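Asker: What follows is work03.cif, made up of mmCIF, C-alpha atoms and all ligand atoms:
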data_coords
loop_
_atom_site.group_PDB
_atom_site.id
_atom_site.type_symbol
_atom_site.label_atom_id
_atom_site.label_comp_id
_atom_site.auth_asym_id
_atom_site.auth_seq_id
_atom_site.Cartn_x
_atom_site.Cartn_y
_atom_site.Cartn_z
ATOM 1 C CA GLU N 1 0.000 0.000 0.000
ATOM 2 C CA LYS N 2 0.751 3.696 -0.552
ATOM 3 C CA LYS N 3 -1.793 5.504 -2.713
ATOM 4 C CA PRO N 4 -2.888 5.653 -6.354
ATOM 5 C CA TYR N 5 -1.545 7.908 -9.076
ATOM 6 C CA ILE N 6 -4.043 10.715 -9.416
ATOM 7 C CA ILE N 7 -4.867 12.724 -12.505
ATOM 8 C CA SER N 8 -7.101 15.760 -12.146
ATOM 9 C CA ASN N 9 -8.970 16.666 -15.310
ATOM 10 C CA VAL N 10 -11.548 19.337 -15.922
ATOM 11 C CA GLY N 11 -13.284 21.393 -18.577
ATOM 12 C CA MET N 12 -13.581 25.067 -17.660
ATOM 13 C CA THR N 13 -14.289 28.467 -19.127
ATOM 14 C CA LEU N 14 -11.539 31.034 -19.572
ATOM 15 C CA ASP N 15 -12.605 32.540 -16.229
ATOM 16 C CA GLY N 16 -12.218 29.180 -14.472
ATOM 17 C CA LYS N 17 -15.893 28.272 -14.118
ATOM 18 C CA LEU N 18 -17.105 24.656 -14.285
ATOM 19 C CA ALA N 19 -20.693 25.773 -14.897
ATOM 20 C CA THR N 20 -22.880 28.881 -14.866
ATOM 21 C CA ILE N 21 -24.664 30.094 -11.726
ATOM 22 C CA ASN N 22 -27.627 28.069 -13.028
ATOM 23 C CA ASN N 23 -25.581 24.883 -13.376
ATOM 24 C CA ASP N 24 -25.399 24.974 -17.169
ATOM 25 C CA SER N 25 -22.147 23.145 -17.930
ATOM 26 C CA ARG N 26 -22.041 22.743 -21.714
ATOM 27 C CA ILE N 27 -18.353 23.661 -21.805
ATOM 28 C CA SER N 28 -16.417 20.825 -23.455
ATOM 29 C CA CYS N 29 -16.786 20.228 -27.178
ATOM 30 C CA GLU N 30 -16.811 16.802 -28.849
ATOM 31 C CA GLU N 31 -13.046 16.590 -29.331
ATOM 32 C CA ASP N 32 -12.482 17.108 -25.607
ATOM 33 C CA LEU N 33 -15.061 14.500 -24.587
ATOM 34 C CA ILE N 34 -13.197 11.951 -26.718
ATOM 35 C CA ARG N 35 -9.940 12.916 -25.006
ATOM 36 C CA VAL N 36 -11.580 12.546 -21.606
ATOM 37 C CA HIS N 37 -13.013 9.141 -22.430
ATOM 38 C CA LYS N 38 -9.648 7.944 -23.670
ATOM 39 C CA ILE N 39 -8.278 8.891 -20.244
ATOM 40 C CA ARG N 40 -11.199 7.121 -18.559
ATOM 41 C CA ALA N 41 -10.360 4.033 -20.592
ATOM 42 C CA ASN N 42 -6.817 4.067 -19.187
ATOM 43 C CA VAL N 43 -7.308 4.484 -15.439
ATOM 44 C CA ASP N 44 -8.402 2.009 -12.777
ATOM 45 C CA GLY N 45 -10.987 4.364 -11.321
ATOM 46 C CA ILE N 46 -12.894 7.612 -11.779
ATOM 47 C CA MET N 47 -13.500 9.726 -8.686
ATOM 48 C CA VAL N 48 -16.151 12.414 -8.206
ATOM 49 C CA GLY N 49 -17.734 14.320 -5.321
ATOM 50 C CA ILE N 50 -21.319 13.950 -4.126
ATOM 51 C CA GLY N 51 -21.946 17.558 -5.129
ATOM 52 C CA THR N 52 -21.386 16.703 -8.777
ATOM 53 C CA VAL N 53 -23.516 13.562 -8.555
ATOM 54 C CA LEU N 54 -26.448 15.541 -7.122
ATOM 55 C CA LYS N 55 -26.230 18.270 -9.741
ATOM 56 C CA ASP N 56 -25.357 16.284 -12.880
ATOM 57 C CA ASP N 57 -26.296 12.643 -12.240
ATOM 58 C CA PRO N 58 -23.312 11.425 -14.345
ATOM 59 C CA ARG N 59 -22.672 7.837 -15.399
ATOM 60 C CA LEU N 60 -18.902 8.142 -15.138
ATOM 61 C CA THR N 61 -18.350 5.416 -17.737
ATOM 62 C CA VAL N 62 -16.549 5.098 -21.055
ATOM 63 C CA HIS N 63 -19.244 5.674 -23.695
ATOM 64 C CA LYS N 64 -18.010 7.700 -26.682
ATOM 65 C CA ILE N 65 -15.005 5.535 -27.496
ATOM 66 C CA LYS N 66 -14.258 1.806 -27.908
ATOM 67 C CA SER N 67 -14.824 0.319 -24.453
ATOM 68 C CA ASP N 68 -13.796 -3.097 -23.118
ATOM 69 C CA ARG N 69 -14.547 -2.668 -19.413
ATOM 70 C CA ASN N 70 -15.273 0.335 -17.203
ATOM 71 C CA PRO N 71 -13.091 1.673 -14.386
ATOM 72 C CA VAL N 72 -14.394 1.586 -10.822
ATOM 73 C CA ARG N 73 -16.531 4.635 -9.949
ATOM 74 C CA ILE N 74 -15.782 6.293 -6.637
ATOM 75 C CA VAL N 75 -18.075 8.830 -4.996
ATOM 76 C CA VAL N 76 -16.946 10.861 -1.957
ATOM 77 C CA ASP N 77 -20.162 11.277 0.041
ATOM 78 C CA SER N 78 -19.843 12.148 3.743
ATOM 79 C CA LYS N 79 -23.500 11.794 4.664
ATOM 80 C CA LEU N 80 -24.476 9.198 2.056
ATOM 81 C CA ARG N 81 -26.743 11.576 0.172
ATOM 82 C CA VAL N 82 -26.229 9.752 -3.135
ATOM 83 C CA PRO N 83 -29.774 9.272 -4.528
ATOM 84 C CA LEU N 84 -30.788 5.603 -4.638
ATOM 85 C CA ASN N 85 -31.673 6.094 -8.310
ATOM 86 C CA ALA N 86 -28.498 7.924 -9.346
ATOM 87 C CA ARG N 87 -27.012 6.653 -12.594
ATOM 88 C CA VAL N 88 -23.613 6.312 -10.911
ATOM 89 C CA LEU N 89 -25.218 3.384 -9.076
ATOM 90 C CA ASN N 90 -26.308 1.526 -12.207
ATOM 91 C CA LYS N 91 -24.746 -1.736 -13.397
ATOM 92 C CA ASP N 92 -22.508 -0.416 -16.180
ATOM 93 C CA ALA N 93 -19.573 -0.609 -13.784
ATOM 94 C CA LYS N 94 -18.441 -1.299 -10.254
ATOM 95 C CA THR N 95 -19.138 1.480 -7.762
ATOM 96 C CA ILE N 96 -17.697 2.469 -4.403
ATOM 97 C CA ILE N 97 -19.278 5.102 -2.186
ATOM 98 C CA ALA N 98 -16.786 6.574 0.296
ATOM 99 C CA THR N 99 -18.634 7.939 3.333
ATOM 100 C CA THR N 100 -17.743 8.789 6.945
ATOM 101 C CA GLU N 101 -17.742 6.477 9.949
ATOM 102 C CA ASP N 102 -20.444 8.633 11.542
ATOM 103 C CA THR N 103 -23.714 6.714 11.789
ATOM 104 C CA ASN N 104 -27.445 6.776 12.453
ATOM 105 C CA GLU N 105 -30.215 4.235 11.899
ATOM 106 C CA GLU N 106 -31.309 5.648 8.547
ATOM 107 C CA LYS N 107 -27.770 5.692 7.183
ATOM 108 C CA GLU N 108 -27.245 2.048 8.092
ATOM 109 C CA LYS N 109 -30.440 1.095 6.289
ATOM 110 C CA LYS N 110 -29.417 3.023 3.194
ATOM 111 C CA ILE N 111 -26.097 1.195 3.245
ATOM 112 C CA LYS N 112 -27.931 -2.151 3.292
ATOM 113 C CA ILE N 113 -29.957 -1.120 0.249
ATOM 114 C CA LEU N 114 -26.871 0.053 -1.618
ATOM 115 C CA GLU N 115 -25.052 -3.205 -0.891
ATOM 116 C CA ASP N 116 -28.069 -5.176 -2.054
ATOM 117 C CA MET N 117 -27.711 -3.285 -5.334
ATOM 118 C CA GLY N 118 -24.101 -4.419 -5.583
ATOM 119 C CA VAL N 119 -22.651 -1.102 -4.458
ATOM 120 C CA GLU N 120 -19.720 -1.208 -2.075
ATOM 121 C CA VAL N 121 -19.679 1.261 0.809
ATOM 122 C CA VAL N 122 -16.391 2.277 2.427
ATOM 123 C CA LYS N 123 -16.450 4.131 5.771
ATOM 124 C CA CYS N 124 -13.451 6.394 6.271
ATOM 125 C CA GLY N 125 -13.146 9.460 8.502
ATOM 126 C CA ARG N 126 -15.297 11.618 10.789
ATOM 127 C CA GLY N 127 -17.317 14.681 9.799
ATOM 128 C CA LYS N 128 -15.829 14.606 6.309
ATOM 129 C CA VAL N 129 -14.210 11.765 4.380
ATOM 130 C CA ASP N 130 -10.519 11.251 5.213
ATOM 131 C CA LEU N 131 -9.055 11.377 1.709
ATOM 132 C CA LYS N 132 -5.558 10.179 2.703
ATOM 133 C CA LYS N 133 -6.905 7.055 4.391
ATOM 134 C CA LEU N 134 -9.282 6.516 1.460
ATOM 135 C CA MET N 135 -6.331 6.494 -0.921
ATOM 136 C CA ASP N 136 -4.788 3.635 1.095
ATOM 137 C CA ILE N 137 -8.010 1.644 0.961
ATOM 138 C CA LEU N 138 -8.380 2.167 -2.778
ATOM 139 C CA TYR N 139 -4.773 1.197 -3.398
ATOM 140 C CA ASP N 140 -5.203 -2.069 -1.490
ATOM 141 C CA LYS N 141 -8.162 -2.789 -3.758
ATOM 142 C CA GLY N 142 -5.862 -2.731 -6.742
ATOM 143 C CA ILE N 143 -6.838 0.744 -7.950
ATOM 144 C CA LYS N 144 -3.498 2.341 -8.775
ATOM 145 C CA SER N 145 -4.577 5.110 -11.123
ATOM 146 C CA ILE N 146 -7.562 7.396 -10.690
ATOM 147 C CA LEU N 147 -9.052 10.091 -12.872
ATOM 148 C CA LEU N 148 -10.348 12.781 -10.511
ATOM 149 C CA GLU N 149 -13.188 14.683 -12.212
ATOM 150 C CA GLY N 150 -14.085 16.798 -9.192
ATOM 151 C CA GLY N 151 -15.806 18.957 -8.926
ATOM 152 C CA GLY N 152 -14.733 22.144 -7.247
ATOM 153 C CA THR N 153 -15.161 21.212 -3.600
ATOM 154 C CA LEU N 154 -13.646 17.764 -3.861
ATOM 155 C CA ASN N 155 -10.753 19.157 -5.910
ATOM 156 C CA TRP N 156 -9.974 21.535 -3.056
ATOM 157 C CA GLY N 157 -9.970 18.625 -0.636
ATOM 158 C CA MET N 158 -7.605 16.615 -2.832
ATOM 159 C CA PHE N 159 -5.207 19.500 -3.550
ATOM 160 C CA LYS N 160 -5.208 20.563 0.086
ATOM 161 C CA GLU N 161 -3.928 17.116 1.085
ATOM 162 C CA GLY N 162 -1.490 17.154 -1.828
ATOM 163 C CA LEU N 163 -2.939 13.976 -3.329
ATOM 164 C CA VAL N 164 -2.986 15.133 -6.965
ATOM 165 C CA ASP N 165 -0.062 14.066 -9.183
ATOM 166 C CA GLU N 166 -0.833 15.688 -12.518
ATOM 167 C CA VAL N 167 -3.358 18.016 -14.096
ATOM 168 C CA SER N 168 -4.975 18.335 -17.520
ATOM 169 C CA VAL N 169 -7.306 21.257 -18.178
ATOM 170 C CA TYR N 170 -9.431 21.979 -21.219
ATOM 171 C CA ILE N 171 -10.179 25.691 -21.495
ATOM 172 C CA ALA N 172 -13.241 26.639 -23.518
ATOM 173 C CA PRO N 173 -13.286 29.923 -25.451
ATOM 174 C CA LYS N 174 -16.023 31.434 -23.300
ATOM 175 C CA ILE N 175 -16.735 33.472 -20.178
ATOM 176 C CA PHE N 176 -19.504 32.800 -17.651
ATOM 177 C CA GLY N 177 -18.817 35.240 -14.822
ATOM 178 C CA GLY N 178 -20.514 34.987 -11.433
ATOM 179 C CA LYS N 179 -18.932 35.124 -7.971
ATOM 180 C CA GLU N 180 -21.249 32.225 -7.074
ATOM 181 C CA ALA N 181 -20.406 30.047 -10.082
ATOM 182 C CA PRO N 182 -18.379 26.865 -9.346
ATOM 183 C CA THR N 183 -14.699 27.058 -10.241
ATOM 184 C CA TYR N 184 -12.052 24.437 -10.942
ATOM 185 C CA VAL N 185 -11.060 24.635 -7.254
ATOM 186 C CA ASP N 186 -13.270 26.060 -4.530
ATOM 187 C CA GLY N 187 -13.407 25.095 -0.867
ATOM 188 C CA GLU N 188 -11.461 27.084 1.742
ATOM 189 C CA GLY N 189 -8.519 28.067 -0.442
ATOM 190 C CA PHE N 190 -4.877 28.679 0.407
ATOM 191 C CA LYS N 191 -4.105 31.880 2.307
ATOM 192 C CA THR N 192 -0.781 32.707 0.663
ATOM 193 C CA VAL N 193 1.108 31.965 -2.525
ATOM 194 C CA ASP N 194 3.763 30.262 -0.393
ATOM 195 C CA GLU N 195 1.408 27.485 0.631
ATOM 196 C CA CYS N 196 -0.485 27.131 -2.649
ATOM 197 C CA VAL N 197 -0.108 24.238 -5.088
ATOM 198 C CA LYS N 198 2.789 24.541 -7.534
ATOM 199 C CA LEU N 199 2.697 23.165 -11.049
ATOM 200 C CA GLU N 200 4.881 22.766 -14.117
ATOM 201 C CA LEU N 201 3.421 23.410 -17.568
ATOM 202 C CA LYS N 202 4.475 20.238 -19.395
ATOM 203 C CA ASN N 203 2.422 20.442 -22.571
ATOM 204 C CA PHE N 204 -0.399 22.273 -24.356
ATOM 205 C CA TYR N 205 -2.202 22.324 -27.689
ATOM 206 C CA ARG N 206 -5.439 23.481 -29.215
ATOM 207 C CA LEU N 207 -8.333 21.039 -29.302
ATOM 208 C CA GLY N 208 -11.479 22.030 -31.124
ATOM 209 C CA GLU N 209 -12.142 25.715 -30.515
ATOM 210 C CA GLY N 210 -10.334 25.564 -27.173
ATOM 211 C CA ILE N 211 -6.975 24.552 -25.719
ATOM 212 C CA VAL N 212 -5.626 21.815 -23.460
ATOM 213 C CA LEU N 213 -3.024 22.465 -20.752
ATOM 214 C CA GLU N 214 -1.104 19.639 -19.096
ATOM 215 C CA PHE N 215 0.727 20.154 -15.818
ATOM 216 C CA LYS N 216 2.692 18.014 -13.407
ATOM 217 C CA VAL N 217 2.177 18.805 -9.733
ATOM 218 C CA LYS N 218 5.382 19.763 -7.957
ATOM 219 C CA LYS N 219 5.078 17.935 -4.647
HETATM 220 N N1 LIG N 301 -16.509 20.722 -16.014
HETATM 221 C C1 LIG N 301 -16.050 19.632 -15.406
HETATM 222 O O1 LIG N 301 -15.147 18.930 -15.862
HETATM 223 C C2 LIG N 301 -16.712 19.296 -14.066
HETATM 224 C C3 LIG N 301 -16.348 18.134 -13.394
HETATM 225 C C4 LIG N 301 -16.908 17.808 -12.162
HETATM 226 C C5 LIG N 301 -17.846 18.658 -11.586
HETATM 227 N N2 LIG N 301 -18.221 19.832 -12.252
HETATM 228 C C6 LIG N 301 -19.182 20.759 -11.611
HETATM 229 O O2 LIG N 301 -18.787 21.112 -10.275
HETATM 230 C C7 LIG N 301 -19.992 21.663 -9.724
HETATM 231 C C8 LIG N 301 -19.889 21.962 -8.224
HETATM 232 O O3 LIG N 301 -19.524 20.798 -7.474
HETATM 233 P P1 LIG N 301 -19.399 20.857 -5.869
HETATM 234 O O4 LIG N 301 -18.151 21.580 -5.543
HETATM 235 O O5 LIG N 301 -20.669 21.382 -5.319
HETATM 236 O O6 LIG N 301 -19.269 19.301 -5.471
HETATM 237 P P2 LIG N 301 -17.873 18.504 -5.359
HETATM 238 O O7 LIG N 301 -16.743 19.443 -5.540
HETATM 239 O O8 LIG N 301 -17.958 17.343 -6.271
HETATM 240 O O9 LIG N 301 -17.897 17.991 -3.832
HETATM 241 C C9 LIG N 301 -19.041 17.290 -3.336
HETATM 242 C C10 LIG N 301 -18.964 16.984 -1.837
HETATM 243 O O10 LIG N 301 -17.908 16.103 -1.428
HETATM 244 C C11 LIG N 301 -18.080 16.067 0.000
HETATM 245 N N3 LIG N 301 -16.830 15.729 0.724
HETATM 246 C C12 LIG N 301 -16.720 14.772 1.643
HETATM 247 N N4 LIG N 301 -15.480 14.748 2.129
HETATM 248 C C13 LIG N 301 -14.790 15.699 1.510
HETATM 249 C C14 LIG N 301 -13.476 16.154 1.591
HETATM 250 N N5 LIG N 301 -12.615 15.576 2.422
HETATM 251 N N6 LIG N 301 -13.091 17.173 0.808
HETATM 252 C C15 LIG N 301 -13.932 17.748 -0.036
HETATM 253 N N7 LIG N 301 -15.185 17.339 -0.139
HETATM 254 C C16 LIG N 301 -15.645 16.327 0.612
HETATM 255 C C17 LIG N 301 -18.633 17.437 0.411
HETATM 256 O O11 LIG N 301 -19.967 17.320 0.923
HETATM 257 P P3 LIG N 301 -20.370 16.344 2.142
HETATM 258 O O12 LIG N 301 -19.615 16.630 3.383
HETATM 259 O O13 LIG N 301 -21.957 16.509 2.354
HETATM 260 O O14 LIG N 301 -20.136 14.844 1.608
HETATM 261 C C18 LIG N 301 -18.696 18.181 -0.925
HETATM 262 O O15 LIG N 301 -19.821 19.062 -0.933
HETATM 263 C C19 LIG N 301 -21.032 20.599 -10.074
HETATM 264 O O16 LIG N 301 -22.346 21.160 -10.127
HETATM 265 C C20 LIG N 301 -20.592 20.175 -11.477
HETATM 266 O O17 LIG N 301 -21.452 20.739 -12.471
HETATM 267 C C21 LIG N 301 -17.654 20.148 -13.496
HETATM 268 O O1 LIG N 302 -33.872 3.668 12.125
HETATM 269 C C1 LIG N 302 -34.600 4.317 11.081
HETATM 270 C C2 LIG N 302 -36.001 4.643 11.601
HETATM 271 O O2 LIG N 302 -35.915 5.597 12.673
HETATM 272 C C3 LIG N 302 -37.183 5.829 13.311
HETATM 273 O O3 LIG N 302 -37.626 4.624 13.956
HETATM 274 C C4 LIG N 302 -38.041 4.914 15.301
HETATM 275 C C5 LIG N 302 -39.444 4.352 15.541
HETATM 276 O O4 LIG N 302 -40.371 5.011 14.675
HETATM 277 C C6 LIG N 302 -39.869 4.577 16.995
HETATM 278 O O5 LIG N 302 -41.142 3.965 17.216
HETATM 279 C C7 LIG N 302 -38.829 3.973 17.941
HETATM 280 O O6 LIG N 302 -39.184 4.222 19.310
HETATM 281 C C8 LIG N 302 -40.226 3.329 19.734
HETATM 282 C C9 LIG N 302 -40.826 3.794 21.064
HETATM 283 C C10 LIG N 302 -39.804 3.706 22.200
HETATM 284 C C11 LIG N 302 -40.398 4.353 23.455
HETATM 285 C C12 LIG N 302 -39.437 4.250 24.642
HETATM 286 C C13 LIG N 302 -39.087 2.786 24.927
HETATM 287 C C14 LIG N 302 -38.500 2.123 23.677
HETATM 288 C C15 LIG N 302 -39.470 2.241 22.498
HETATM 289 O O7 LIG N 302 -37.553 4.574 17.658
HETATM 290 C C16 LIG N 302 -37.097 4.295 16.324
HETATM 291 C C17 LIG N 302 -35.693 4.882 16.161
HETATM 292 O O8 LIG N 302 -34.827 4.315 17.147
HETATM 293 C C18 LIG N 302 -38.211 6.344 12.296
HETATM 294 O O9 LIG N 302 -39.500 6.459 12.904
HETATM 295 C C19 LIG N 302 -38.290 5.442 11.061
HETATM 296 O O10 LIG N 302 -39.108 6.059 10.063
HETATM 297 C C20 LIG N 302 -36.891 5.204 10.490
HETATM 298 O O11 LIG N 302 -36.970 4.264 9.413
#
For this file, produce the structure as structure tokens.
Answerer:
Amino acid sequence: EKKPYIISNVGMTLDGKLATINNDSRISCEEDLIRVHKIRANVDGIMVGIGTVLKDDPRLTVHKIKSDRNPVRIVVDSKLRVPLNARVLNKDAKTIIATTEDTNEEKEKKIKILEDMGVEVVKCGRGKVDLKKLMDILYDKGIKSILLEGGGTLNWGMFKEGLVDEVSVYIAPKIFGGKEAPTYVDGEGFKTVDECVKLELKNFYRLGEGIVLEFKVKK
């Protein structure tokens, strides 16, 4: 054990938004979706936060590219708010819901239902999910590479703990605006430049009407 290699990918507007204030996220073009799916096809797991599941109900599977098998889907959900009918819980792939060790009668029942549906539930942390410990658990399961799709709040959590290895960002040629709109990285935020995350621009190229930037995280 140690922890998986983590790639953070996202599609954002020039002003760093992941969606409008009304959750409209038609940012990535077709070319970018193909690129993303190729990445999905090459990792052991895809990780996303409950916030994204609630707002977008994604499948998190390889569907617009030749697919053999799908990577494990991981959802960070502290209070187990994942809707019982969320697509991320369908049978297209294996799914793991990472929640906290906190408990109540209703939560335990929900866990039983999820397990009955073939969904695995991992308890890890108090108050909020302990990402570092979760990485150990996922590594022991054989998941050595994970595509982190976010969104904003989870990304903060991952970057704060320095668990991200590399970053790929697709920047769309548009501007959304909005102090309330979700950005690539939200959460608390670093107080000074000294403690912020450092990166190294490794590669970049246009894709469709936008551009892709690839960075390596300087740990
Ligand atoms: N354009 C893209 O590529 C892209 C990709 C992904 C998402 N998005 C967008 O991002 C938007 C906003 O997402 P969001 O920020 O509200 O949700 P999020 O970033 O996916 O985070 C969801 C939840 O994870 C939970 N969590 C549990 N433990 C955590 C920890 N240790 N660190 C951080 N989070 C933890 C938090 O709630 P609890 O404590 O209740 O569990 C948090 O609200 C979504 O609406 C979606 O449209 C865009
Ligand atoms: O564990 C999940 C369930 O939680 C509640 O069940 C109550 C249930 O409705 C309620 O009747 C029960 O208390 C029963 C009455 C007490 C009175 C004091 C002596 C012991 C028996 O307490 C349960 C919780 O411990 C909710 O009422 C249920 O809807 C929910 O499914």
Asker: Name the residues that the PyMOL selection byres (((not hetatm)) within 12 of (chain N and resi 302)) pulls out of this structure, and write them as a list in words.
Answerer: residues 103, 104, 105, 106, 107, 108, 109, 110 and 111 of chain N
Asker: Return as a tab-separated table (two decimals) with C-alpha atoms, in the coordinates of the input the residues of protein, DNA or RNA that approach ligand LIG 301 (chain N) to within 7 Å, with all atoms listed in the file taken into account.
Answerer:
chain	number	residue	atom	x	y	z
N	9	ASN	CA	-8.97	16.67	-15.31
N	10	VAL	CA	-11.55	19.34	-15.92
N	11	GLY	CA	-13.28	21.39	-18.58
N	12	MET	CA	-13.58	25.07	-17.66
N	18	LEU	CA	-17.10	24.66	-14.28
N	19	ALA	CA	-20.69	25.77	-14.90
N	23	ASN	CA	-25.58	24.88	-13.38
N	25	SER	CA	-22.15	23.14	-17.93
N	27	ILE	CA	-18.35	23.66	-21.80
N	48	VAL	CA	-16.15	12.41	-8.21
N	49	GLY	CA	-17.73	14.32	-5.32
N	50	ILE	CA	-21.32	13.95	-4.13
N	51	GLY	CA	-21.95	17.56	-5.13
N	52	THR	CA	-21.39	16.70	-8.78
N	55	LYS	CA	-26.23	18.27	-9.74
N	56	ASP	CA	-25.36	16.28	-12.88
N	76	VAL	CA	-16.95	10.86	-1.96
N	77	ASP	CA	-20.16	11.28	0.04
N	78	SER	CA	-19.84	12.15	3.74
N	79	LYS	CA	-23.50	11.79	4.66
N	128	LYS	CA	-15.83	14.61	6.31
N	129	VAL	CA	-14.21	11.76	4.38
N	130	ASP	CA	-10.52	11.25	5.21
N	131	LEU	CA	-9.06	11.38	1.71
N	149	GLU	CA	-13.19	14.68	-12.21
N	150	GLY	CA	-14.08	16.80	-9.19
N	151	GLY	CA	-15.81	18.96	-8.93
N	152	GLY	CA	-14.73	22.14	-7.25
N	153	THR	CA	-15.16	21.21	-3.60
N	154	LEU	CA	-13.65	17.76	-3.86
N	155	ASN	CA	-10.75	19.16	-5.91
N	156	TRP	CA	-9.97	21.54	-3.06
N	157	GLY	CA	-9.97	18.62	-0.64
N	158	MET	CA	-7.60	16.61	-2.83
N	182	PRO	CA	-18.38	26.86	-9.35
N	186	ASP	CA	-13.27	26.06	-4.53
Asker: Translate the PyMOL selection byres (((chain N and resi 210) around 6) and not hetatm), as applied to the file shown, into an explicit residue set as a ChimeraX atom specification.
Answerer: /N:171-173,206-209,211
Asker: Please measure the separation of atom CA of residue N:87 and atom CA of residue N:75, giving the value in Å to one decimal.
Answerer: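 A separation of 11.9 Å between them.
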Asker: Taking into account all atoms listed in the file, which residue in the set N:192, N:42, N:95, N:8 is nearest to residue N:163?
Answerer: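 For residue N:163, the nearest of the candidates is N:8.
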Asker: Between atom CA of residue N:133 and atom CA of residue N:47, what is the distance, to one decimal in Å?
Answerer: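 Here the two named atoms are 14.9 Å from each other.
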Asker: N:183, N:85, N:13, N:90: which is nearest residue N:72, counting all atoms listed in the file?
Answerer: N:90
Asker: Evaluate the PyMOL selection byres (((chain N and resi 213-216) around 9) and not hetatm) here and jot the selected residues down as a list in words.
Answerer: residues 165, 166, 167, 168, 169, 170, 171, 198, 199, 200, 201, 202, 203, 204, 205, 206, 211, 212, 217 and 218 of chain N
Asker: For the residues in that selection, give me C-alpha atoms as a PDB file, in the frame of the given file.
Answerer:
ATOM      1  CA  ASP N 165      -0.062  14.066  -9.183  1.00  0.00           C
ATOM      2  CA  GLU N 166      -0.833  15.688 -12.518  1.00  0.00           C
ATOM      3  CA  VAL N 167      -3.358  18.016 -14.096  1.00  0.00           C
ATOM      4  CA  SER N 168      -4.975  18.335 -17.520  1.00  0.00           C
ATOM      5  CA  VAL N 169      -7.306  21.257 -18.178  1.00  0.00           C
ATOM      6  CA  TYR N 170      -9.431  21.979 -21.219  1.00  0.00           C
ATOM      7  CA  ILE N 171     -10.179  25.691 -21.495  1.00  0.00           C
ATOM      8  CA  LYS N 198       2.789  24.541  -7.534  1.00  0.00           C
ATOM      9  CA  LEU N 199       2.697  23.165 -11.049  1.00  0.00           C
ATOM     10  CA  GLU N 200       4.881  22.766 -14.117  1.00  0.00           C
ATOM     11  CA  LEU N 201       3.421  23.410 -17.568  1.00  0.00           C
ATOM     12  CA  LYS N 202       4.475  20.238 -19.395  1.00  0.00           C
ATOM     13  CA  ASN N 203       2.422  20.442 -22.571  1.00  0.00           C
ATOM     14  CA  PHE N 204      -0.399  22.273 -24.356  1.00  0.00           C
ATOM     15  CA  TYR N 205      -2.202  22.324 -27.689  1.00  0.00           C
ATOM     16  CA  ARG N 206      -5.439  23.481 -29.215  1.00  0.00           C
ATOM     17  CA  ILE N 211      -6.975  24.552 -25.719  1.00  0.00           C
ATOM     18  CA  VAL N 212      -5.626  21.815 -23.460  1.00  0.00           C
ATOM     19  CA  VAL N 217       2.177  18.805  -9.733  1.00  0.00           C
ATOM     20  CA  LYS N 218       5.382  19.763  -7.957  1.00  0.00           C
TER      21      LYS N 218
END
Asker: Could you give me the axis-aligned bounding box of stretch 60-70 of chain N, with 6 Å of padding per side, as centre plus edge lengths in Å to one decimal, as JSON?
Answerer:
{"center_x": -16.5, "center_y": 2.5, "center_z": -21.5, "size_x": 17.4, "size_y": 23.2, "size_z": 24.8}
Asker: Could you tell me how far atom CA of residue N:140 lies from atom CA of residue N:1, in Å and to one decimal?
Answerer: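 If I compute the distance from atom CA of residue N:140 to atom CA of residue N:1, I get 5.8 Å.
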Asker: Need to verify the contact set: residue N:65, 9 Å, all atoms listed in the file, exclusion of same-chain residues closer than 2 positions in sequence. Can you return it as number ranges by chain?
Answerer: N: 34, 37-38, 41, 62-63, 67
Asker: Write the residues of the preceding selection, restricted to C-alpha atoms, as a PDB file, in the frame of the given file.
Answerer:
ATOM      1  CA  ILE N  34     -13.197  11.951 -26.718  1.00  0.00           C
ATOM      2  CA  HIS N  37     -13.013   9.141 -22.430  1.00  0.00           C
ATOM      3  CA  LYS N  38      -9.648   7.944 -23.670  1.00  0.00           C
ATOM      4  CA  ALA N  41     -10.360   4.033 -20.592  1.00  0.00           C
ATOM      5  CA  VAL N  62     -16.549   5.098 -21.055  1.00  0.00           C
ATOM      6  CA  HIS N  63     -19.244   5.674 -23.695  1.00  0.00           C
ATOM      7  CA  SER N  67     -14.824   0.319 -24.453  1.00  0.00           C
TER       8      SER N  67
END
Asker: Nearest to residue N:162 among N:181, N:175, N:135, N:60, with distances taken over all atoms listed in the file: which residue is it?
Answerer: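 Closest to residue N:162, using all atoms listed in the file: N:135.
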Asker: Of the candidates N:69, N:141, N:94, N:160, which one gets nearest to residue N:219 if we count only C-alpha atoms?
Answerer: N:160
Asker: Considering only C-alpha atoms, state which residue in the set N:74, N:28, N:98, N:187 is at the smallest distance from residue N:14.
Answerer: N:28
Asker: Considering all atoms listed in the file, state which residue in the set N:178, N:81, N:189, N:195 is at the smallest distance from residue N:15.
Answerer: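 Among the listed residues, the smallest separation from residue N:15 belongs to N:178.
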Asker: Any chance you could model N, CA and C atoms for stretch 167-171 of chain N and send them as a compact mmCIF listing (two decimals), keeping the file's coordinate frame?
Answerer:
# COMPACT_ATOMS: atom_id res chain seq x y z
N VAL N 167 -2.15 17.33 -13.71
CA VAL N 167 -3.36 18.02 -14.10
C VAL N 167 -3.49 18.27 -15.59
N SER N 168 -4.70 18.10 -16.11
CA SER N 168 -4.97 18.34 -17.52
C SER N 168 -6.24 19.20 -17.48
N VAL N 169 -6.18 20.34 -18.15
CA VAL N 169 -7.31 21.26 -18.18
C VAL N 169 -7.69 21.67 -19.59
N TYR N 170 -8.98 21.59 -19.90
CA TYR N 170 -9.43 21.98 -21.22
C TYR N 170 -10.08 23.33 -20.97
N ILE N 171 -9.62 24.36 -21.67
CA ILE N 171 -10.18 25.69 -21.50
C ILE N 171 -11.03 26.07 -22.70
